[PDB]
Amino acid sequence: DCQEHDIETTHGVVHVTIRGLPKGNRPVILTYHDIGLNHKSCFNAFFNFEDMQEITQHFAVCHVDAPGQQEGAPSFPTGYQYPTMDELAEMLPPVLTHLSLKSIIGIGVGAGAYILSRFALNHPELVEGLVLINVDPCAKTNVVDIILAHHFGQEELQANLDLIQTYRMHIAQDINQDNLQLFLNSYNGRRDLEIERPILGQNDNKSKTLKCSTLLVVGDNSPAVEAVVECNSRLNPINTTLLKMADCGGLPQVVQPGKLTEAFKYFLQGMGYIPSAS
Amino acid sequence: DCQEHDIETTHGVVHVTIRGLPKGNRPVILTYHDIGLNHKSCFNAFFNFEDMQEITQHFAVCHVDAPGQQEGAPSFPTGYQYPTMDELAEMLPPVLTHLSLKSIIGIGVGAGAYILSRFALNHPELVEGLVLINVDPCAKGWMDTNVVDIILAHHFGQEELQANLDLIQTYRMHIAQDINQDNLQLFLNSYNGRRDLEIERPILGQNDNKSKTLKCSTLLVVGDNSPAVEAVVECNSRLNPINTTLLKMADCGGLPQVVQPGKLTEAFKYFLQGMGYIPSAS
């Protein structure tokens, strides 16, 4: 059923986790986490949710842990040349090639969102759709207090509820505090996606945009509300949908997995997959 | 769902592969494999069987890979002190500890079987039951070309082996390619040098000079055409018939988990049923 691979790229190694088994005329669900998380902390709560298993049975689910961000990853040396956000997306075709994966339905959060997008623009042939959670297509004391600051809204983060401290502990303990610095640094070094909404008559600016179907997701109480909204205005509305989730801030995948599973289903039905929908 | 771990022991690292998540009370099914195999080669065919998924979903399955037997394991150095079978069995307690596992239900093949049994004698509090496939409790007595040819003989009966069926060739290629040929020899060496299990059937009249025997429920499994049959039968004779059962699988030889898995799943169900697990049959 499952298998974990350590795949050799030209930008070093990337640790993946295949769950389920795919068919040759059916795609794979590739996942990519945000800064401070891994495939387990980021997605597994959402992915092991009851409503998802009905979906996931039909499509094999592959979870990509970023370089040094996989659990039990050794510390990267001090002067290691950590792959840049753009380079990370350069490492994604090999992952598909290694596992003879013809195409994916991407699911990414924040940095994972950006990296899946870059990849989708670089290789739109290999990407069929994108769920882009809390995506920011523009550029930007304690590293842990910085990532929780990116993840959750001040009210929510200040309130330090069970979620806040739970994931505060994950970041702290689960993820390499050396490799996490280099992955944060990388994300922080990200350039503008430089995607503009197309015009039917004629384009005022010759800017490429996502050809594949896109579901943008952001909590009302998310700090990424403006950034996901910018992105939407810069994306082809014929292929894009914007979901603003109520009573939700950081990690809407875990905060509201019920609401998000329903949308992913509606989204997937739209492409032609899970037509029966139980 | 699944997770791999490279677990530090005092006898070095041991590779393991956890699928599902277990609670405190219910025990986590533990596998240990034979020489020239790994958890993948040995168990995943059997474990991924239809009828098993019904049982295995309900229990967690920690697949242990032997030192330097896990896929993509680097060659050990020339003079590397490779853990003895007893030392291999001492690596198990730290694994339960590392994964906050309370107890296990062991499944072992060949070396796998012996290692779990040494563990079960060391720590009866940790084992609730054992299924032992093609186990040999007695010392080899063959101290001395190609480990692969050696290993094939070990796993498959001469009559079976003479035919050269798809399984003999399939597993002949697996032993060659799957395993680092440096580390295999050492694991083969380590298994061959094994000592007598020192089990003796008790007598009900009076204590049999404080005889030492397994205290957990046991199911010994062997194919009719297996070369291990009289070793397993000896083992059985040396064990408590009250807490033991011997399963002779008809029209079957080496690797019964791979061959006739439906039958073994059914047997393995009844085994689990005896413990008080799986109240209703699937």
# chains A, B, ... in the order shown; residues from 1 in each chain; ligands from 1

call {"tool": "interface_residues", "arguments": {"of": "chain A", "to": "chain B", "cutoff": "8 Å", "atoms": "only C-alpha atoms", "output": "short mmCIF file (atom, residue, chain, number, x, y, z; two decimals) with N, CA and C atoms, in the first residue's frame"}}
result
data_model
loop_
_atom_site.label_atom_id
_atom_site.label_comp_id
_atom_site.auth_asym_id
_atom_site.auth_seq_id
_atom_site.Cartn_x
_atom_site.Cartn_y
_atom_site.Cartn_z
N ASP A 1 0.88 -1.21 0.00
CA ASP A 1 0.00 0.00 0.00
C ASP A 1 0.90 1.24 0.00
N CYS A 2 1.49 1.58 1.15
CA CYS A 2 2.41 2.73 1.30
C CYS A 2 3.84 2.37 0.87
N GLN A 3 4.64 3.41 0.60
CA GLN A 3 6.12 3.33 0.44
C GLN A 3 6.70 4.74 0.57
N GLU A 4 7.85 4.85 1.25
CA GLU A 4 8.63 6.11 1.38
C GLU A 4 9.89 5.99 0.53
N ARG A 19 1.07 6.91 -0.63
CA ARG A 19 -0.05 6.13 -0.03
C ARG A 19 -1.02 5.75 -1.14
#

call {"tool": "residues_around", "arguments": {"residues": "residue B:11", "least_positions_apart": "5", "cutoff": "8 Å", "atoms": "only C-alpha atoms", "output": "list in words"}}
result
residues 83, 87, 88 and 91 of chain B

call {"tool": "write_last_selection", "arguments": {"atoms": "N, CA and C atoms", "output": "short mmCIF file (atom, residue, chain, number, x, y, z; two decimals), in the first residue's frame"}}
result
data_model
loop_
_atom_site.label_atom_id
_atom_site.label_comp_id
_atom_site.auth_asym_id
_atom_site.auth_seq_id
_atom_site.Cartn_x
_atom_site.Cartn_y
_atom_site.Cartn_z
N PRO B 83 25.71 -8.13 14.67
CA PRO B 83 25.01 -8.70 15.81
C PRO B 83 24.71 -10.20 15.66
N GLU B 87 21.97 -11.12 20.08
CA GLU B 87 22.13 -9.65 20.05
C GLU B 87 21.04 -9.04 19.16
N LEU B 88 20.73 -9.68 18.03
CA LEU B 88 19.64 -9.22 17.12
C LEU B 88 18.33 -9.16 17.92
N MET B 91 17.81 -6.18 20.30
CA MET B 91 17.52 -4.90 19.61
C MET B 91 16.02 -4.58 19.67
#

call {"tool": "atom_distance", "arguments": {"atom1": "atom CA of residue A:267", "atom2": "atom CA of residue A:190"}}
result
28.1 Å

call {"tool": "residues_around", "arguments": {"residues": "residue B:275", "least_positions_apart": "2", "cutoff": "10 Å", "atoms": "only C-alpha atoms", "output": "list in words"}}
result
residues 128, 129, 216, 217, 270, 271, 272, 273, 277, 278 and 279 of chain B

call {"tool": "residues_around", "arguments": {"residues": "stretch 131-142 of chain B", "least_positions_apart": "3", "cutoff": "8 Å", "atoms": "only C-alpha atoms", "output": "CSV table (one decimal) with N, CA, C and O atoms, in the first residue's frame"}}
result
chain,number,residue,atom,x,y,z
B,105,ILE,N,2.3,-9.0,19.0
B,105,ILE,CA,2.0,-10.3,18.4
B,105,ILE,C,3.0,-10.6,17.3
B,105,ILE,O,2.8,-10.1,16.2
B,106,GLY,N,4.0,-11.5,17.6
B,106,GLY,CA,5.1,-11.7,16.6
B,106,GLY,C,4.7,-12.6,15.5
B,106,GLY,O,3.9,-13.5,15.7
B,107,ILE,N,5.2,-12.2,14.3
B,107,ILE,CA,5.2,-13.1,13.1
B,107,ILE,C,6.6,-13.2,12.6
B,107,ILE,O,7.2,-12.1,12.2
B,108,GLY,N,7.2,-14.4,12.5
B,108,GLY,CA,8.6,-14.6,12.2
B,108,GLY,C,8.8,-15.7,11.1
B,108,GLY,O,8.0,-16.7,11.2
B,109,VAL,N,9.7,-15.6,10.2
B,109,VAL,CA,10.1,-16.6,9.2
B,109,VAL,C,11.6,-16.9,9.3
B,109,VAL,O,12.4,-16.0,9.2
B,110,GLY,N,11.9,-18.2,9.5
B,110,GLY,CA,13.3,-18.7,9.7
B,110,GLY,C,14.0,-18.0,10.8
B,110,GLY,O,13.7,-18.2,11.9
B,111,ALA,N,15.1,-17.2,10.4
B,111,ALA,CA,15.8,-16.4,11.4
B,111,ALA,C,14.8,-15.5,12.2
B,111,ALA,O,14.8,-15.5,13.4
B,113,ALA,N,11.8,-16.1,12.9
B,113,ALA,CA,11.1,-16.9,13.9
B,113,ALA,C,11.9,-17.1,15.2
B,113,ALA,O,11.4,-16.9,16.3
B,114,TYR,N,13.2,-17.4,15.0
B,114,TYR,CA,14.2,-17.7,16.1
B,114,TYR,C,14.3,-16.4,17.0
B,114,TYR,O,14.3,-16.5,18.2
B,192,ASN,N,23.7,-18.8,11.1
B,192,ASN,CA,24.3,-20.2,11.1
B,192,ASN,C,25.0,-20.4,12.5
B,192,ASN,O,24.8,-21.6,13.0
B,193,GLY,N,25.6,-19.4,13.1
B,193,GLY,CA,26.3,-19.5,14.4
B,193,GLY,C,25.3,-19.5,15.6
B,193,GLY,O,25.8,-19.6,16.7
B,194,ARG,N,24.0,-19.5,15.3
B,194,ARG,CA,22.9,-19.5,16.4
B,194,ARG,C,23.1,-20.6,17.3
B,194,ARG,O,23.7,-21.7,16.9
B,195,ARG,N,22.7,-20.4,18.6
B,195,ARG,CA,22.8,-21.5,19.6
B,195,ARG,C,21.4,-22.1,19.8
B,195,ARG,O,20.4,-21.5,19.4
B,196,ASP,N,21.4,-23.3,20.4
B,196,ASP,CA,20.2,-24.1,20.8
B,196,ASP,C,19.3,-23.1,21.6
B,196,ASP,O,19.8,-22.4,22.4
B,197,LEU,N,18.0,-23.2,21.3
B,197,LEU,CA,17.0,-22.3,21.9
B,197,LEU,C,16.8,-22.6,23.4
B,197,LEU,O,16.3,-21.7,24.1
B,218,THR,N,1.3,-19.9,20.9
B,218,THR,CA,2.2,-20.1,19.7
B,218,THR,C,1.4,-20.9,18.6
B,218,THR,O,0.7,-21.8,18.9
B,219,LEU,N,1.7,-20.5,17.4
B,219,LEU,CA,1.3,-21.2,16.1
B,219,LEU,C,2.5,-21.4,15.3
B,219,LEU,O,3.0,-20.4,14.7
B,220,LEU,N,3.1,-22.6,15.2
B,220,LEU,CA,4.2,-23.0,14.3
B,220,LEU,C,3.6,-23.4,13.0
B,220,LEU,O,2.7,-24.2,12.9
B,221,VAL,N,4.1,-22.8,11.9
B,221,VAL,CA,3.6,-23.0,10.5
B,221,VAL,C,4.8,-23.5,9.7
B,221,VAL,O,5.9,-23.0,9.8
B,222,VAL,N,4.5,-24.5,8.9
B,222,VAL,CA,5.5,-25.1,7.9
B,222,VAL,C,4.7,-25.8,6.7
B,222,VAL,O,3.6,-26.3,7.0
B,226,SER,N,8.3,-28.4,2.8
B,226,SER,CA,9.4,-27.5,3.3
B,226,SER,C,10.5,-28.5,3.8
B,226,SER,O,10.2,-29.6,4.2
B,228,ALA,N,12.3,-27.7,6.4
B,228,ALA,CA,12.3,-27.4,7.9
B,228,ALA,C,11.4,-28.3,8.7
B,228,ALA,O,11.5,-28.2,9.9
B,229,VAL,N,10.6,-29.1,8.0
B,229,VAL,CA,9.4,-29.8,8.6
B,229,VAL,C,9.9,-30.5,9.9
B,229,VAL,O,9.1,-30.4,10.9
B,231,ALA,N,12.5,-30.0,11.8
B,231,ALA,CA,13.0,-29.0,12.8
B,231,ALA,C,11.8,-28.4,13.5
B,231,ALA,O,11.9,-28.4,14.8
B,232,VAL,N,10.8,-27.9,12.8
B,232,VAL,CA,9.6,-27.3,13.4
B,232,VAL,C,8.9,-28.4,14.2
B,232,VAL,O,8.5,-28.1,15.4
B,235,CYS,N,10.8,-28.7,17.4
B,235,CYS,CA,10.5,-27.5,18.2
B,235,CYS,C,9.1,-27.8,18.9
B,235,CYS,O,9.1,-27.8,20.1
B,254,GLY,N,8.3,-24.0,0.9
B,254,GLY,CA,8.9,-22.8,1.5
B,254,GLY,C,8.1,-21.5,1.2
B,254,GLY,O,7.5,-21.4,0.1
B,256,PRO,N,5.2,-20.0,3.0
B,256,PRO,CA,3.8,-20.2,3.0
B,256,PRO,C,3.0,-18.9,3.0
B,256,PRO,O,1.8,-18.9,2.7
B,268,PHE,N,-4.3,-17.6,10.7
B,268,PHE,CA,-3.9,-16.5,11.5
B,268,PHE,C,-5.1,-15.8,12.2
B,268,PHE,O,-4.9,-15.2,13.2

call {"tool": "residues_around", "arguments": {"residues": "stretch 48-63 of chain A", "least_positions_apart": "5", "cutoff": "8 Å", "atoms": "only C-alpha atoms", "output": "number ranges by chain"}}
result
A: 16-22, 26-32, 39, 257-258, 261-262, 265, 274

call {"tool": "write_last_selection", "arguments": {"atoms": "C-alpha atoms", "output": "JSON list (two decimals), in the first residue's frame"}}
result
[["chain", "number", "residue", "atom", "x", "y", "z"],
["A", 16, "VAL", "CA", 8.35, 11.50, -0.61],
["A", 17, "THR", "CA", 5.61, 9.18, 0.84],
["A", 18, "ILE", "CA", 3.30, 7.27, -1.59],
["A", 19, "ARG", "CA", -0.05, 6.13, -0.03],
["A", 20, "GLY", "CA", -2.59, 4.06, -2.07],
["A", 21, "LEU", "CA", -1.99, 2.83, -5.70],
["A", 22, "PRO", "CA", -2.75, 4.75, -8.95],
["A", 26, "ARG", "CA", -5.79, 8.38, -13.60],
["A", 27, "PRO", "CA", -3.61, 11.03, -11.83],
["A", 28, "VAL", "CA", -1.94, 11.17, -8.33],
["A", 29, "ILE", "CA", -2.64, 13.68, -5.45],
["A", 30, "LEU", "CA", 0.77, 15.36, -4.89],
["A", 31, "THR", "CA", 0.96, 17.30, -1.57],
["A", 32, "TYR", "CA", 3.45, 20.06, -0.53],
["A", 39, "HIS", "CA", 3.30, 15.99, 5.23],
["A", 257, "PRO", "CA", -11.39, 19.75, 7.35],
["A", 258, "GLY", "CA", -15.14, 19.01, 6.94],
["A", 261, "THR", "CA", -13.20, 18.05, 2.03],
["A", 262, "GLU", "CA", -16.67, 19.04, 0.59],
["A", 265, "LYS", "CA", -15.01, 16.93, -3.79],
["A", 274, "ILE", "CA", -15.46, 10.96, -8.49]]

call {"tool": "select_by_dssp", "arguments": {"residues": "stretch 36-188 of chain B", "states": "helix (DSSP H, G or I)", "output": "CSV table (one decimal) with N, CA and C atoms, in the first residue's frame"}}
result
chain,number,residue,atom,x,y,z
B,39,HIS,N,11.5,-7.3,5.1
B,39,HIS,CA,10.0,-7.2,5.4
B,39,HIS,C,9.2,-7.2,4.1
B,40,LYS,N,9.7,-6.5,3.1
B,40,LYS,CA,9.1,-6.3,1.8
B,40,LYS,C,8.9,-7.6,1.1
B,41,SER,N,10.1,-8.3,0.8
B,41,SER,CA,10.2,-9.6,0.1
B,41,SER,C,9.4,-10.7,0.8
B,42,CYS,N,9.3,-10.6,2.2
B,42,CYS,CA,8.8,-11.6,3.1
B,42,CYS,C,7.3,-11.5,3.3
B,43,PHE,N,6.9,-10.3,3.6
B,43,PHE,CA,5.6,-10.1,4.3
B,43,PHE,C,4.6,-9.3,3.5
B,44,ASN,N,5.0,-8.3,2.7
B,44,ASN,CA,4.1,-7.3,2.1
B,44,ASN,C,3.1,-8.0,1.1
B,45,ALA,N,3.5,-9.0,0.4
B,45,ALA,CA,2.7,-9.9,-0.5
B,45,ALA,C,1.6,-10.5,0.4
B,46,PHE,N,2.0,-11.2,1.5
B,46,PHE,CA,1.0,-11.8,2.5
B,46,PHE,C,0.2,-10.7,3.2
B,47,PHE,N,0.8,-9.7,3.7
B,47,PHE,CA,0.1,-8.6,4.5
B,47,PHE,C,-0.9,-7.8,3.6
B,50,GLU,N,-5.9,-9.7,0.3
B,50,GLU,CA,-7.3,-9.2,0.5
B,50,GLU,C,-7.8,-9.4,1.9
B,51,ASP,N,-7.9,-10.7,2.3
B,51,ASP,CA,-8.5,-11.2,3.6
B,51,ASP,C,-7.7,-10.6,4.8
B,52,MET,N,-6.4,-10.4,4.6
B,52,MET,CA,-5.5,-9.9,5.7
B,52,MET,C,-5.8,-8.4,6.0
B,53,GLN,N,-6.0,-7.6,5.0
B,53,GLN,CA,-6.3,-6.2,5.1
B,53,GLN,C,-7.4,-6.0,6.1
B,54,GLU,N,-8.4,-7.0,6.1
B,54,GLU,CA,-9.5,-7.0,7.1
B,54,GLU,C,-9.0,-7.1,8.5
B,55,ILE,N,-8.0,-7.9,8.8
B,55,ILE,CA,-7.3,-8.1,10.1
B,55,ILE,C,-6.3,-7.0,10.4
B,56,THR,N,-5.5,-6.7,9.4
B,56,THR,CA,-4.3,-5.8,9.6
B,56,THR,C,-4.7,-4.4,9.8
B,85,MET,N,22.6,-13.6,16.6
B,85,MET,CA,21.1,-13.8,16.6
B,85,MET,C,20.5,-13.4,18.0
B,86,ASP,N,21.2,-13.7,19.1
B,86,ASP,CA,20.8,-13.3,20.5
B,86,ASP,C,20.9,-11.7,20.6
B,87,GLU,N,22.0,-11.1,20.1
B,87,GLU,CA,22.1,-9.6,20.0
B,87,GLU,C,21.0,-9.0,19.2
B,88,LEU,N,20.7,-9.7,18.0
B,88,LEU,CA,19.6,-9.2,17.1
B,88,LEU,C,18.3,-9.2,17.9
B,89,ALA,N,18.1,-10.1,18.8
B,89,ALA,CA,16.8,-10.3,19.6
B,89,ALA,C,16.8,-9.2,20.7
B,90,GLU,N,18.0,-8.7,21.1
B,90,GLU,CA,18.1,-7.7,22.2
B,90,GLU,C,17.8,-6.3,21.6
B,92,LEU,N,15.2,-5.6,19.9
B,92,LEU,CA,13.7,-5.5,19.9
B,92,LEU,C,13.2,-4.6,21.0
B,93,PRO,N,13.6,-4.8,22.3
B,93,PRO,CA,13.1,-4.0,23.4
B,93,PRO,C,13.2,-2.5,23.1
B,94,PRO,N,14.4,-2.0,22.8
B,94,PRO,CA,14.5,-0.6,22.4
B,94,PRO,C,13.5,0.0,21.4
B,95,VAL,N,13.1,-0.9,20.4
B,95,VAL,CA,12.2,-0.6,19.3
B,95,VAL,C,10.8,-0.4,19.9
B,96,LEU,N,10.3,-1.3,20.8
B,96,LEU,CA,9.0,-1.2,21.5
B,96,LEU,C,9.0,0.2,22.3
B,97,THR,N,10.1,0.4,22.9
B,97,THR,CA,10.4,1.6,23.8
B,97,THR,C,10.3,2.9,22.9
B,98,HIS,N,11.1,2.9,21.8
B,98,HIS,CA,11.2,4.0,20.8
B,98,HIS,C,9.8,4.4,20.3
B,111,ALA,N,15.1,-17.2,10.4
B,111,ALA,CA,15.8,-16.4,11.4
B,111,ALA,C,14.8,-15.5,12.2
B,112,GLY,N,13.9,-14.8,11.4
B,112,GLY,CA,12.8,-14.1,12.0
B,112,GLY,C,12.2,-14.8,13.2
B,113,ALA,N,11.8,-16.1,12.9
B,113,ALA,CA,11.1,-16.9,13.9
B,113,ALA,C,11.9,-17.1,15.2
B,114,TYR,N,13.2,-17.4,15.0
B,114,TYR,CA,14.2,-17.7,16.1
B,114,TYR,C,14.3,-16.4,17.0
B,115,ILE,N,14.5,-15.3,16.3
B,115,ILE,CA,14.8,-13.9,16.9
B,115,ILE,C,13.7,-13.5,17.8
B,116,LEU,N,12.4,-13.7,17.3
B,116,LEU,CA,11.2,-13.3,18.1
B,116,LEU,C,11.1,-14.2,19.3
B,117,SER,N,11.5,-15.5,19.2
B,117,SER,CA,11.5,-16.5,20.2
B,117,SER,C,12.5,-16.3,21.3
B,118,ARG,N,13.7,-15.9,21.0
B,118,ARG,CA,14.8,-15.5,21.9
B,118,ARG,C,14.2,-14.2,22.7
B,119,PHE,N,13.6,-13.3,22.0
B,119,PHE,CA,13.0,-12.1,22.6
B,119,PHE,C,11.9,-12.5,23.6
B,120,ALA,N,11.0,-13.4,23.2
B,120,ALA,CA,9.8,-13.9,23.9
B,120,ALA,C,10.3,-14.6,25.2
B,121,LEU,N,11.4,-15.3,25.2
B,121,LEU,CA,12.0,-15.9,26.4
B,121,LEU,C,12.6,-14.9,27.3
B,122,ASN,N,13.4,-14.0,26.7
B,122,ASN,CA,14.0,-12.8,27.4
B,122,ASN,C,12.8,-12.0,28.1
B,147,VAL,N,26.2,-17.7,-1.4
B,147,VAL,CA,25.2,-17.6,-0.3
B,147,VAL,C,23.8,-17.7,-0.9
B,148,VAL,N,23.6,-17.2,-2.1
B,148,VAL,CA,22.3,-17.2,-2.9
B,148,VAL,C,21.8,-18.7,-3.0
B,149,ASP,N,22.7,-19.5,-3.6
B,149,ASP,CA,22.5,-20.9,-3.8
B,149,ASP,C,22.3,-21.6,-2.4
B,150,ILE,N,23.1,-21.2,-1.4
B,150,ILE,CA,23.0,-21.6,0.0
B,150,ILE,C,21.6,-21.3,0.5
B,151,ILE,N,21.2,-20.0,0.3
B,151,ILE,CA,19.9,-19.5,0.9
B,151,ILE,C,18.7,-20.1,0.2
B,152,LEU,N,18.7,-20.3,-1.1
B,152,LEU,CA,17.6,-21.0,-1.8
B,152,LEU,C,17.4,-22.3,-1.2
B,153,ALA,N,18.4,-23.1,-1.1
B,153,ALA,CA,18.3,-24.5,-0.4
B,153,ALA,C,17.6,-24.3,1.0
B,154,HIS,N,18.1,-23.3,1.7
B,154,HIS,CA,17.5,-23.0,3.1
B,154,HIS,C,16.0,-22.8,3.0
B,155,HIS,N,15.5,-21.9,2.2
B,155,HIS,CA,14.1,-21.6,2.0
B,155,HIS,C,13.2,-22.6,1.2
B,158,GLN,N,14.0,-29.5,-1.8
B,158,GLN,CA,14.8,-30.1,-2.9
B,158,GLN,C,13.9,-30.4,-4.1
B,159,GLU,N,12.8,-31.1,-3.9
B,159,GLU,CA,11.8,-31.5,-4.9
B,159,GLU,C,11.3,-30.2,-5.6
B,160,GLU,N,10.7,-29.3,-4.7
B,160,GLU,CA,10.3,-28.0,-5.1
B,160,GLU,C,11.5,-27.3,-5.9
B,161,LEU,N,12.6,-27.3,-5.3
B,161,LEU,CA,13.8,-26.6,-5.8
B,161,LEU,C,14.3,-27.2,-7.1
B,162,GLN,N,14.3,-28.5,-7.3
B,162,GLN,CA,14.7,-29.2,-8.5
B,162,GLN,C,13.9,-28.7,-9.7
B,163,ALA,N,12.6,-28.5,-9.5
B,163,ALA,CA,11.7,-28.1,-10.6
B,163,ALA,C,12.2,-26.7,-11.2
B,166,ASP,N,8.6,-20.6,-11.1
B,166,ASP,CA,8.7,-19.1,-11.1
B,166,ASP,C,9.2,-18.6,-9.8
B,167,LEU,N,8.7,-19.2,-8.7
B,167,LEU,CA,9.1,-18.7,-7.3
B,167,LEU,C,10.6,-19.0,-7.0
B,168,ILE,N,11.1,-20.1,-7.5
B,168,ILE,CA,12.6,-20.4,-7.2
B,168,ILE,C,13.4,-19.4,-8.0
B,169,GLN,N,13.1,-19.0,-9.2
B,169,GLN,CA,13.8,-18.0,-10.0
B,169,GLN,C,13.5,-16.6,-9.5
B,170,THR,N,12.3,-16.3,-9.2
B,170,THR,CA,11.8,-15.0,-8.7
B,170,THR,C,12.6,-14.7,-7.4
B,171,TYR,N,12.6,-15.6,-6.4
B,171,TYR,CA,13.3,-15.4,-5.1
B,171,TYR,C,14.8,-15.5,-5.3
B,172,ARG,N,15.2,-16.3,-6.3
B,172,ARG,CA,16.7,-16.4,-6.6
B,172,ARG,C,17.2,-15.1,-7.1
B,173,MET,N,16.4,-14.3,-7.8
B,173,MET,CA,16.8,-12.9,-8.3
B,173,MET,C,16.7,-11.9,-7.1
B,174,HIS,N,15.7,-12.1,-6.3
B,174,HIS,CA,15.5,-11.2,-5.1
B,174,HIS,C,16.7,-11.3,-4.1
B,175,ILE,N,17.1,-12.5,-3.8
B,175,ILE,CA,18.2,-12.7,-2.9
B,175,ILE,C,19.5,-12.0,-3.4
B,176,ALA,N,19.7,-12.2,-4.7
B,176,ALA,CA,20.8,-11.6,-5.5
B,176,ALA,C,20.7,-10.0,-5.4
B,177,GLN,N,19.7,-9.5,-5.9
B,177,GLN,CA,19.5,-8.0,-6.2
B,177,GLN,C,19.1,-7.2,-4.9
B,178,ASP,N,18.1,-7.7,-4.2
B,178,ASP,CA,17.4,-7.0,-3.1
B,178,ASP,C,18.4,-6.7,-2.0
B,181,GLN,N,25.1,-7.9,-0.9
B,181,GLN,CA,25.7,-9.3,-0.9
B,181,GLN,C,26.8,-9.4,0.1
B,182,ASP,N,27.4,-8.3,0.6
B,182,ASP,CA,28.4,-8.2,1.7
B,182,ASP,C,27.6,-8.5,3.0
B,183,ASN,N,26.5,-7.8,3.3
B,183,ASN,CA,25.8,-7.8,4.6
B,183,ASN,C,25.0,-9.1,4.7
B,184,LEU,N,24.5,-9.6,3.6
B,184,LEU,CA,23.7,-10.9,3.6
B,184,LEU,C,24.6,-12.0,4.2
B,185,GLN,N,25.8,-12.2,3.7
B,185,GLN,CA,26.8,-13.2,4.2
B,185,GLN,C,26.8,-13.1,5.7
B,186,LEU,N,27.0,-11.9,6.2
B,186,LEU,CA,27.2,-11.6,7.7
B,186,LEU,C,25.9,-12.1,8.4
B,187,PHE,N,24.7,-11.7,7.9
B,187,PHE,CA,23.4,-12.1,8.4
B,187,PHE,C,23.2,-13.6,8.3
B,188,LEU,N,23.6,-14.2,7.2
B,188,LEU,CA,23.7,-15.7,7.0
B,188,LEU,C,24.7,-16.3,8.1

call {"tool": "closest_residue", "arguments": {"among": "A:130, A:76, A:148, A:264", "to": "residue A:166", "atoms": "only C-alpha atoms"}}
result
A:148

call {"tool": "residues_around", "arguments": {"residues": "stretch 193-202 of chain A", "least_positions_apart": "6", "cutoff": "9 Å", "atoms": "only C-alpha atoms", "output": "list in words"}}
result
residues 114, 117, 118, 136, 137, 138, 139, 208, 209, 210, 231, 232, 233, 234, 235, 236 and 237 of chain A

call {"tool": "write_last_selection", "arguments": {"atoms": "C-alpha atoms", "output": "PDB file, in the first residue's frame"}}
result
ATOM      1  CA  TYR A 114       3.896  28.804  -4.437  1.00  0.00           C
ATOM      2  CA  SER A 117       2.247  27.000  -8.827  1.00  0.00           C
ATOM      3  CA  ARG A 118       5.801  27.633 -10.177  1.00  0.00           C
ATOM      4  CA  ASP A 136       1.310  34.564  -1.533  1.00  0.00           C
ATOM      5  CA  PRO A 137       2.503  35.248  -5.126  1.00  0.00           C
ATOM      6  CA  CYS A 138       4.597  38.370  -4.170  1.00  0.00           C
ATOM      7  CA  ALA A 139       7.976  38.609  -2.307  1.00  0.00           C
ATOM      8  CA  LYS A 208       1.684  34.018 -18.320  1.00  0.00           C
ATOM      9  CA  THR A 209      -1.001  32.580 -15.939  1.00  0.00           C
ATOM     10  CA  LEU A 210      -2.039  29.073 -14.657  1.00  0.00           C
ATOM     11  CA  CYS A 231      -3.549  36.092  -6.602  1.00  0.00           C
ATOM     12  CA  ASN A 232      -7.219  35.481  -7.588  1.00  0.00           C
ATOM     13  CA  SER A 233      -7.343  38.898  -9.415  1.00  0.00           C
ATOM     14  CA  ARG A 234      -4.113  37.871 -11.260  1.00  0.00           C
ATOM     15  CA  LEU A 235      -5.549  34.399 -12.272  1.00  0.00           C
ATOM     16  CA  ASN A 236      -7.884  33.393 -15.169  1.00  0.00           C
ATOM     17  CA  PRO A 237     -11.340  33.422 -13.466  1.00  0.00           C
TER      18      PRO A 237
END

call {"tool": "atom_distance", "arguments": {"atom1": "atom CA of residue A:218", "atom2": "atom CA of residue A:47"}}
result
17.7 Å

call {"tool": "select_by_dssp", "arguments": {"residues": "stretch 162-249 of chain B", "states": "strand (DSSP E or B)", "output": "PyMOL selection string"}}
result
chain B and resi 217-223+244-249

call {"tool": "closest_residue", "arguments": {"among": "A:177, A:207, A:256, A:9", "to": "residue A:71", "atoms": "only C-alpha atoms"}}
result
A:177

call {"tool": "atom_distance", "arguments": {"atom1": "atom CA of residue A:102", "atom2": "atom CA of residue A:25"}}
result
8.4 Å

call {"tool": "closest_residue", "arguments": {"among": "A:269, A:173, A:222, A:278", "to": "residue A:151", "atoms": "only C-alpha atoms"}}
result
A:222
